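How does the following fold in three dimensions:
(chains A, B, C, D, E and F, ligands or ions: 9)
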Amino acid sequence: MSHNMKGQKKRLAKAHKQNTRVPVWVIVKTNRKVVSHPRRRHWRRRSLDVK
Amino acid sequence: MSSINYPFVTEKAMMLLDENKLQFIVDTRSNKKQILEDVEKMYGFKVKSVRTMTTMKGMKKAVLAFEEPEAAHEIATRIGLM
Amino acid sequence: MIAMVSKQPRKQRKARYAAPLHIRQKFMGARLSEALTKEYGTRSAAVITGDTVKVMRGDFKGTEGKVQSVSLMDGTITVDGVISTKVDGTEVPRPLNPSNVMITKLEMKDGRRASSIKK
Amino acid sequence: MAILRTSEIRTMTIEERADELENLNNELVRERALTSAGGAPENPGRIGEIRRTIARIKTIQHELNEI
RNA sequence: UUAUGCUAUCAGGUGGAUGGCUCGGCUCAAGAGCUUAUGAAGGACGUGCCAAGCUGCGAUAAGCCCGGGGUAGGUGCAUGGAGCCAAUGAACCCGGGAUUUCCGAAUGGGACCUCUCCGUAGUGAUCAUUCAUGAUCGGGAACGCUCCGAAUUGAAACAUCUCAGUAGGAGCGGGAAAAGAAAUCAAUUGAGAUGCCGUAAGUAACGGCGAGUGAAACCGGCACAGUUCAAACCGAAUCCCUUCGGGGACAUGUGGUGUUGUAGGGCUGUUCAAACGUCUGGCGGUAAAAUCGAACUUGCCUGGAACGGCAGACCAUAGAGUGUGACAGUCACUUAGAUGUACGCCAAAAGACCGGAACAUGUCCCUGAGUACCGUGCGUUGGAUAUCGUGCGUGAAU
RNA sequence: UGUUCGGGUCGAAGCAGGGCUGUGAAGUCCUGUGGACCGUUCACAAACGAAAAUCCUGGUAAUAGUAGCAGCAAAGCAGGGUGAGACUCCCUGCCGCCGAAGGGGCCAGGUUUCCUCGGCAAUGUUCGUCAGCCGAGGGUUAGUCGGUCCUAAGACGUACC
Ligand SMILES: [Mg+2]
Ligand SMILES: [Mg+2]
Ligand SMILES: [Mg+2]
Ligand SMILES: [Mg+2]
Ligand SMILES: [Mg+2]
Ligand SMILES: [Mg+2]
Ligand SMILES: [Mg+2]
Ligand SMILES: [Mg+2]
Ligand SMILES: [Mg+2]
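Numbering: from 1, shown residues only, chains lettered A, B, ... in the order given. Ligands and ions are numbered 1, 2, ... in the order given. Shown next is the structure:
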C-alpha cells in the first residue's frame, strides 16, 4: 500500500491541504479579482510528483 | 521546546474523557518521553502510557492515560474544554 | 524631495504609488485660512481628524464641518455633512480629497502639533 | 495598553517574569483549545496580543542573561 | 400570407478588432562592486481569528529589542466581518542587536529514507606551527588568467588552407585582473618601465602564391613611480609564541652592508651630511532617514464636476514634472536656492622614526646552470633557411 | 522629432452608413453612436502601406440535429415512497448475471478516492432528487503485525596511484 516514510507523508499532507476553494471573504475583499489559484487538481488526473 | 499546543476537542476526543483520558495536539518533532515529562510537569499527574498518531492534516495527536482516577475530568475542567 | 531629474511620468507615478507610509502623511495637505497662515507662517498645513474644513470644489462648495476620519492609503478624508444616500436610503460619508478643502480651525491636542506644522 | 509593556517586564523580578510567562502560556493553551472546535472566538485579537507579549518576555529574559 | 430561397440595409446575440490610457519592458550614460565553518546562496516543511496562492518570517515564526527621523492613525499583494494595538509616541524609514526547524560546502555514522542510528554532546578531508591555535572547501550577471580543443561553412567539388584557437571543456581567482622597470627598440650620431586608445595598414609577410589570413617599430594622446633579494665583508649582534616564568626557529646561516653596464658593489682612505618613505595628529572636507522653500483657489457663462471661455490680481535664482470630478507658475507634492545629519572615510599644519650623495686607489674578492645555445620531431604564428612553445638528445663561460 | 498657426465637454479619437472633390493613391463634410484628446506650414526620420507564403495566433461556419451512445456479459417488471420534477434514487416480491471468477487477501502504484450532512452550473456517452462530482465537518492509537537487524548479486565513501 505504498509504505511511506515521514517526509513523503509530510509532503502528501501539504499537497492535500493545497486543494482548497479560495475563501469567500477574499473574493468579497478583492472585488471578484481573485477567484482561483494554480494549485487546484483532482485525484484521478495528472499524478502529482510530490514523492 | 514546548511539545503541547492545545487539547483536541472533536466528538471522538470527548468520549475518551469518560474513562480518564485526554487527547492533545503535540509538536510533530517530538517523542513519547518528552510528551510524558511535559505533561507531568504541567499538571502533576503521573501518566501511565501514551499513544501517538500522525494525521493527514500534518499535526500529531497523542492520547494520555493517567493513573489517578478522575484526573482527566479536572484537567479538562481547569483547561476550559468543559 | 525628488529633484528635476524626475521629469518622467513613469517615475513620478511610481513614487506616488509605492510610497512609504510616512511619506503619505505629507499628501494630506490642505491650504490654511488667512489668519492661520499669518499666525503660523506656513502657507499650508496637514489635515487631521477633529478640525473644521470648508469645502471649495465639487458638489458641496461652501459647506463646513469637522473631519470624521482620515485614511492614509486611500488618500481621502471624510467630512461632516457631505454624504451620499443608498438606494434603500441610508446616509453614507462621501470621501473627498484634502486639496479641495480649507482649514479654518486647527485641533491642538498632540502638543507636538505646532512643531509638526512648521520646522 | 498592552498585556505588558517593556517597562513593566524589565522592572519585575526574575520569578515574577517567569510566573507571568506561565500564565500567558496557559491562557494561550485555553484560547487555542476553544478555537480549535470551529467556533468564532470571543475576542480574536487575544492570540496575536498574547504571542507578541510572550515574545517580548522571552527577548527580555535573553537580554538580561536570565536564560 | 409563394413554401424552401437570393440580394441589400436595419435591430439584437456571439466575439473581442480599432481608438484612448498604462506602477511594465528595452537601450545608452554616471556610479558602486565581493560573500561564506560566528554555517552562505538555494530548497523542504511550518507560520495569519476567519487564510488556498504569492510575499515576508522561523516553534520568540506577515514577527521581538535599542538609537535617530516622523506625527495621528495602523493591521502585506487584497478598502470584507469581528477584534486588537497606538500620546508610556505606534505605523513607516535609516543604523545596530536577538531568536534563527531540517537539508544544503554539510562536516559524528547513514540516505529509490529532507529523515534516521549511537549518543561516547561528536576537530569531515588535506595541511602549517611554538603543537595554545590557524588555513582551504560553497556561491557570484558578465569581465579576468592558465591549460585541452571540433565540425557544419568558404574555396561555387576537395585533401594543405579556411571556419578558428572559434563553440565546448578542466583549473584558479578580485573588485578589478594580467603586464611592468631592457642581456630593449633603433641606425650611421638616437630613445629610455608597463598598460590602453589613434595611425602605420589591408602595408610587410604567409598561401593548391588560389580563396583567403595578416602584424610590429617610429609618431600623437590618457596616466605617471620606482625598487627588493642571492654573493663578496662582519658571524647570532636576529625573528616569533607566551600564563611574562619561559618556550620554539637558527652556524645546512637568523640579522647588518648591497643590488649594476660609456660596469656596479666589497676591502683600503677623504668629503658632504641626511632625499624618498612609515607612524602619531586630526585644521578642514565628504557625510542616513530628513528640514525650509514665492505668489488666486477671485467675479459671470457652460457643465454632474472648472485646471476651460470672458474680465480682474500677483510670483519668478522657482514657466522641470506628477496628483486633484475636463487643459494648473500662483490647490497639494515638488522645482530653483539653502540648512541638518550618528557610524564611517578622506586629509592640511605640526611632532617621532631607519637613513642618503660624491671622490681616490687594484696579478685583490663577488655578480643567479642541466640554464643560455645547439641537433631533431611536432603544434602554433604574418614570421618567410629570419615567431613562440616543448618531447627527446647534447651542453658553456664568467 | 524640430518649427509656424490652431481645434475640443456648446462634445476629440475611433466605429456604421451617406454627399461632394480628385485620372488615382485619398481628402473633406453630414447623420447615429462615443466621453477625452487631435491637427496644420516648412523640413527631417522610420520597428512605414498585404489578398495569397499546404503562412502564424484568435474567433467562427457548412457538413448537421448527422455519425456514435449495438457485436466480447441481449435485464428487467409490479406495488409502495421521497421530491417542484422519477425508465434511471430508496424498500418488498418475482425474474436474471458471475460462481477455480465479475467472490475473499494483499504487493507495487494511487494519495483522502474513506464516513456523515448539504447541493446539482459543470463531470457521468441519456435523465437524475444519485454519485469515486461540488461545499462543510470527521476519521488511521502496537514490546508481540511490518520496517528497523543480517548478508547475496552489486553499489558508494576515504586513502594510495
Ligand atoms: Mg566548398
Ligand atoms: Mg572559490
Ligand atoms: Mg612580473
Ligand atoms: Mg588564424
Ligand atoms: Mg514649479
Ligand atoms: Mg489578412
Ligand atoms: Mg452460472
Ligand atoms: Mg448530464
Ligand atoms: Mg505507531
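
Residues of chain D that sit close to RNA strand F?
Proximity of chain D to RNA strand F, by CB under 7 Å from any atom of the strand, involves residues D:37-38. (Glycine included, C-beta is placed from N, CA and C.)

And the residue of chain D closest to chain B?
Proximity of chain D to chain B (CB to the nearest CB) peaks at residue D:32, 3.8 Å away.

so who does that residue touch?
B:5-6, D:47 (CB atoms under 8 Å, 6 or more residues apart in numbering or on different chains).

and for the longest helix seen in chain B, what are the contacting residues?
As assigned by DSSP state H, the longest helix anywhere in chain B is helix B:32-43. Contacts with helix B:32-43, where a contact means CB under 8 Å, 6+ apart, come from B:2-4, B:24, B:26, B:45-47, B:50, B:52, B:62, B:64, B:71, B:75.

Please apply the same query to stretch B:46-61.
A:6, A:9-10, A:12-14, A:16-17, B:8, B:23-28, B:30, B:32, B:35-36, B:39-40, B:62-68.

chain center to that stretch: distance?
Here stretch B:46-61 is found 8 Å from its chain centre; the criterion is CA atoms, centre = their mean, to the nearest Å.

Give me the buried positions along that stretch.
Neighbour-count burial for stretch B:46-61 flags B:47, B:50, B:60-61 (criterion: 16 or more other CB atoms under 10 Å in any protein chain shown).

how about the residues you listed, which pair is most distant?
Largest separation among these by CB to CB: B:47 and B:60, giving 16.9 Å.

hmm, back to that, of the contacts of residue D:32, which ones also sit close to chain A?
Here nothing survives when these are matched to chain A using CB under 8 Å from any CB of the partner chain.

what residue lies at the spatial centre of chain A?
The structure's chain A has its C-alpha centroid closest to residue A:18; by CA atoms, centre = their mean the separation is 2.2 Å.

Can you name the residues that contact it?
Residue A:18 neighbours (CB under 8 Å, 6+ apart): residue A:39.

Provide the secondary structure category for the most far-flung residue of chain A relative to its centre.
What lies farthest from the middle of chain A is residue A:31; by CA atoms, centre = their mean that is 23.3 Å. Recorded secondary structure, residue A:31: coil (DSSP: H, G, I helix; E, B strand; the rest coil).

cool, residue B:73 as well?
Criterion first, three-state DSSP; result for residue B:73: helix.

Can you get me a residue count around the closest residue to it other than its chain neighbours?
Distances taken as CB to CB, 6 or more residues apart in numbering or on different chains place residue B:17 nearest to residue B:73, at 7.0 Å, with adjacent residues excluded. Look at residue B:17: counted by other CB atoms under 10 Å in any protein chain shown, it has 18 neighbours.

Show the buried residues in the contacts of helix B:32-43.
Using 16+ other CB under 10 Å, the buried members of those are B:3-4, B:24, B:26, B:45, B:47, B:50, B:62, B:64, B:71, B:75.

from those residues, which single one is nearest chain A?
residue B:26 (14.8 Å).

who in chain A is up against RNA strand E?
A:5-8, A:10-11, A:13-15, A:17-18, A:20, A:22-23, A:25-26, A:28-31, A:34, A:37-39, A:50.

so of these, which ones are in helices?
Filtering these for helices - DSSP H - leaves A:6-8, A:10-11, A:13-15, A:17, A:25-26, A:28-29.

Okay, the residue of chain A found nearest RNA strand E and chain B: tell me how far apart.
Nearest residue of chain A to RNA strand E: residue A:7, at 2.6 Å (CB to the nearest atom of the strand). Using CB to the nearest CB, to the nearest Å, residue A:7 is found at 12 Å from chain B.

That residue: neighbour count?
Neighbours of residue A:7 (other CB under 10 Å): 9.

ok, now residue C:103?
Residue C:103: 24 neighbours (other CB under 10 Å).

name the element it belongs to?
Using DSSP states H and E, residue C:103 sits within strand C:101-105.

Please give me every residue in contact with residue C:80.
C:65-68.

I'd like to know which of those residues are buried.
So, by 16+ other CB under 10 Å, the buried ones in the contacts of residue C:80 are residue C:67.

Also near chain A: which of the contacts of residue C:80, exactly?
Answer for the contacts of residue C:80 near chain A: none qualify (CB under 8 Å from any CB).

what's the closest of the contacts of residue C:80 to chain D?
Ranked by distance to chain D (CB to the nearest CB), those are led by residue C:68 at 24.2 Å.

Helix, strand, or coil at the closest one?
Under three-state DSSP, the three-state class of residue C:68 is strand.
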